[PDB]
Structure formats: C-alpha cells, structure tokens
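Next comes just one chain, in structure tokens: the form deposited in one PDB entry.
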C-alpha cells in the first residue's frame, strides 16, 4: 500500500494527481516509472526533489500549483527521464539545464516568450515539442522571440507546436525530420517559397487562424489589415509530397490556387472552415487536384447578409473520388434541391454529409437515395418543418465528437433531424428516404399523438431518439409500426406528463418483440390512464429517472404497485431521482426477479428493506448512493449470495455491523465513502477486492488501531484515495 500516490501496473504508474501535495513526495515506490503529479500545490522543484527515483521515464507536473519555481538542472540527474510535461505553470522561461534524455517535452500554457539555445539545442533527443498557447488573445505577454537556428540541432524532431503565440513568420532553420508542424494562430501573414521547401517528410501542416475571419468570433480576433486573406506563395508547398493533413481554417481565403496541391498526391484531410469560399465552392479548380481526399471541411463559409435559395456546388466535386466525409455547416441557404447534389452522387465512398446550421427550410429528401452509400445524413439545427476556455489538446474550430451517437449509428443508415421544427409528422414526411436504422428527432417541438402510421415509410428504424419534445401520449398503437425497434429514447417529454387531466397512455411498449432499451427519464411521470403497468417480454433496460415514483407508489394508492413487473426480461433498472422517501415492500417485491442491476441513487431513502434482496437471486449491483440511509443490516449474507458491488456513498451510515466485510462471499466492491463512520470495529472484520472509505469522519485515537492491522493484513483490497481517508484533524488515517 503506497502513499500518498496510488500505484498500478500497465510499465509502473504512480497516479499522484490532485492530492493537495505541497511538495514532491519522498515516499514513492522504487519500481515507479511514470509519476503523474499534476493538479497539486507544488511550488518549488530542486535537484533533491527526485533524489532517488530512477527509471522514472515520465513526469507530469501540469497545473502546479492548483507559479512553479524550478532550479536549473533540477531534473538533470534523472538519466532516464524521457517525457516531461509542465503545462499550465506560469513558467517565465524554458527551464535551464534540462536532462538531454528527453524525447517529449510539453510547455503549453506557460509564459515563455523566448525560445533559446540555452534551453533547447542541447536536447538532441526531442521527438515532440509542445510550446503552444503561451502568448495569445488579450493575455499580457510578449512577442515570441525565437533565437535563430535553435531547432536545426534537433535532427530527431518529428512534431513541433508553436500555435497560439505571436511569431509573425515561419521560423527558418527547421530540421527536415519534422512530420507535423503546428503554426495556428501565430499571426503570420505571408508564407514564402523558402518557408517549408526543405521539409520533405511533413504529413501535417496547420496554418489555421492566420489572417482570421473575425466576424462573430468567440475569442478576441485580430484581422489582417483590410480583412485580407493569408498570402501563400505559389511554390510554398512544392516539395511537400508527403502532406496528409492541411488545415487552413480561418485564414480569410477567397481564392484557392489549384496548383498549391500539384505535388501532394496523398492529401487526405483538408480543413477550409471559416473562410470566404462560396465562390470557390461553386467553381473551384482546386477540387480537380485531390483524387485521394477523404475528408473536406468547408464549414462556416457563409457570406454575411446573404441567404441564397440554393447551395451552389461545382461540378468539380464529382472528381473527389476517395471523398468520405463532406462538411458544409454554416453555408446558409434555404433549399436543398435534387439537382444541387448531382456532383456528389457518383462518389463511391461518400458516407457522411454534414449540413448542420444552414437554416435550411426545405429538403427534397428523395435526393439522398440517388447517392451511393450514405451512412450519416446529418441535418441537425436547421428549419425543416412539417482553466481554461479552450482546451489546448483538441481541435479549435470544431467539436471532434461523432455527429451521431455511435450506438445509434452502429445499427445502419442514419438521419439526424434533431433541432429542427418538425412539430408534426405528416403522412408523407419520410417518403423516399433510404432504409433508415438510426433516427434523431430530438428537439423539434413535437406535440403530436403518435398513432402507429407516422413511421410507415421507414419501418425498419432500430434506434429512435425522440428526446426533448412534448409528445402527447394519447394512442396505444404509437410507434408500433416499427416492428424492429430495439432502442427508444423518450427523455425530456414532460410537458403533457406533468398535467394530471390530460391522458397518458404507455401501453404500446408491449408490442415490440425486439425492444432492448427504453429511456423514460425526466418525464415527471406520476399518473397513467387506464393501464398502470409497463409490459414487455423483450425489454432488457428501463431508465425511469427523473419521474415521480414517490407519487406513483404513494402508500394510499395501489394502482401502480406492479408498474414494472410485466417487464419479464429486465436486467437493468434506473429508479434514480424519483424523490423516494421509502419504497413499500410489496412494490419492491414486484420488481422483476430477472434484475441484475438496480439503481435507486439520488432519492431520499431513510430506510431500505434488505430482507427483500432474497427474492432477487440474480442481482449483482445495488446502487443506493445519495440517499439518507441511517443503518445497514447485520445479516446481508443471509439475503444474498449474488451481490458483487454495493454502492452506499453519500448516506448517513455511522456503524458497520459484525462480519460485514468477511461474510458476503460474492461481494467484491463496497463503497461506503462519504458517510458518517467514526470507526470500524475489529468485530466487523475477504472476498473483497475494493473498499471505499474516503469522506468519513474517522475518529483517530487508540481505538482506530485494530482496522489498520486489517489493512496491512489484506493488500488485495484496493482502498482508493487514501489521502482523503482522513481523521476528523486532517491527517490521513495511514499516518
């Protein structure tokens, strides 16, 4: 048992993050290799901080403290130190006399404005150097002075990142080992012919945000004089036969010179977001130069004040033969006509069209059929009708998450129409579409009574998202045309559920032979009409959080006592956030005997009838976190032989009953963190692999001794975050 860090073996990692450590710990294990020490209160670092920690081949001192004084060659005597990370430390300078064994260095988010030979040129083994985000936006900081030639000694340098600094030009004397060159938001107007001419290995070049398009910028944005475009010499990308990824986002471009790509036969990803390329899109020769392009991002190229009827796509798109994804958000146009996308329809691997945020009013949906294999049709957010703000380690111009949830997209062809205005699905709404498997109609202000016919044209939908609408559930055949339905997400439709005098019919649930997952969360359900029960022979997982079981299962009311019992296959049930003070025993007994996993967290339970766990012989996880439980049973082993994980954090448990750890033979994980345990008696003292105790007011006196021994006896019981397992006054119990 280590302290204050928590170790593992991936290759031996001392996770020592966030522990409020005030200086590097003396007490680290001697087989430790990677020591993560971020987010601590470390203020000073000397040579004698890592005195005897050898074969540390990684250090992380990010965010210290939560500015860091590092003496010169304080790391020098670590002859194995390879990866060093000292991001976000208000470092004034690249620290002096670093150990030349370093292969990866990260100085992101400091105050370093001077890149000197005295810090960098000795370090011949740098592969990846991260200096981004040191002088940017309206930060008080100085122009970035780069001593001449200071990189040419770094002949094993593969990745260099200087983004979000004021450079003004591409440094000269760049080693030709570079494969990845990041110069975004560096205030560079002009790209000369000599600028990259000897970088024959570059796979990636990022010149984004130089001469930026600043209208409506969510950050302080300085245009180039006259909102002028970036100036790229005609032979600037000569000799760059190995480029794969080119990012020219936000460089105010209006013209693309087709000859820029003459010597890039492999170009794979092109990013031209936030430029002014509406003209280039309609008639663009540069598109005939890219037969291996896979991803083209042309988002936010809208003309301010301009709302064209149709989008205008050059015939030249037809030539983009390897194109996989095409992103055209923020073009802004009223209508998508069948003719408008002819140039894309013969492209064989075009699987993703992104038309998000174009305020489109009508789509002639039949057009998506005439394509080859579209997989993701992304139309969200249109107008179709019946420390620190910016993360230095992600992409700055867009979100990188997938457009459509993987779990939904994995079923097949996907149509995301979320955040539109289809407030009512008419009879011909889905005429002429391909066989959609994944459908998002979230947030379309839909208030209709679904009745069994609305989806007849796409009857093979397998995952359906109708979250965040206002469905009026007043017809028992709703959605039953979707015989293949497997996932149905009905969250955040509380509008009509909340009104007691409108009708609520959920009977339809039973008709689905293949329904696996049903989410009814945040619907404020407390009254149903005519039928009180949920029935399905298939359903595996019901999410019923953010409803009102406190009302449903009121003591004076019997109507909903078997609400969930007809769910004969159910293995996971989420009853969290139901305002439950107590569950009547009979209603608890009528939960499906099939359950393996039951969540009743974040209610207000004062009591739990443990005895009833006898009728749930398959149950593996019981989650009661965030209630008001006062007492644990003394006889748990008598009610279950199945429970593997029991979660009880954020309750009011002050005493552990006899044999509680030893006697339950299937139980491996027990979470008692953040309760009211003053102690743990020797009488409470085996099949347990993890026990959580942080957050408790452990009275530290001579009485607390017995348990310590037990910890020493059982190393096989991980006890996390021992630093937070604390005497009630501050020291850990392990002192």
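Think of the rigid core as the biggest set of C-alphas that the two forms share within 1.5 Å after superposition. Residue numbers count along the first chain shown, from 1. Residues that one form lacks are left out of the comparison.
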No coordinates for residue 387 in a third or more of the other PDB entries: yes
Unmodelled deposited residues between residue 172 and residue 173: none, 1 to 3, 4 to 9, or 10 or more? none
Between residue 728 and residue 729, determine how many residues of the deposited chain lack coordinates; answer none if the chain runs continuously, otherwise 1 to 3, 4 to 9, or 10 or more. 4 to 9
Quick check: 271 to 279 versus 151 to 159, which has the larger average CA B-factor in the record? 151 to 159
Where do the C-alpha atoms have the higher mean temperature factor in this entry, in 535 to 543 or in 426 to 434? 426 to 434
Hey, out of 120, 243, 604, 619, whose CA B-factor is highest in the deposited coordinates? 120
Using the B-factors in the PDB entry, rank residue 71's C-alpha atom against the chain and give the third, lowest, middle or highest. highest
Ranking the modelled residues of this chain by C-alpha B-factor as given in the entry, is residue 627 in the lowest, middle or highest third? lowest
For the chain shown, is the CA B-factor of residue 341 in the lowest, middle or highest third of its modelled residues? middle
Entry-reported C-alpha B-factor of residue 577 relative to its chain, by third, is lowest
For residue 195, does the deposited CA B-factor place it in the lowest, middle or highest third of the chain? highest
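Keep in mind that the form deposited in another entry is not shown, yet the notes after this line are about it.
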Core-aligned, between the shown form and the other one, one residue among 220, 308, 459, 291 moves its CA by 2 Å or more. Tell me which. 220
Would you say whether residue 137 is displaced between the shown form and the other one, judging by a C-alpha shift of 2 Å or more on the superposed rigid core? yes
Rigid core aligned, does the Cα position of residue 557 differ by 2 Å or more between the shown form and the other one? yes
Hey, the CA atoms of residue 219 and residue 132 end up closer or farther in that other deposited form than in the shown form, with the change being 3 Å or more? closer
Answer with closer or farther for the CA-CA spacing of residue 139 and residue 17 in that other deposited form compared to the shown form; it moves by 3 Å or more. farther
What stretches, three or more residues long, have all their C-alphas moved by 2 Å or more between the shown form and the other one when the rigid core is held in place? 135 to 142, 214 to 220, 555 to 557
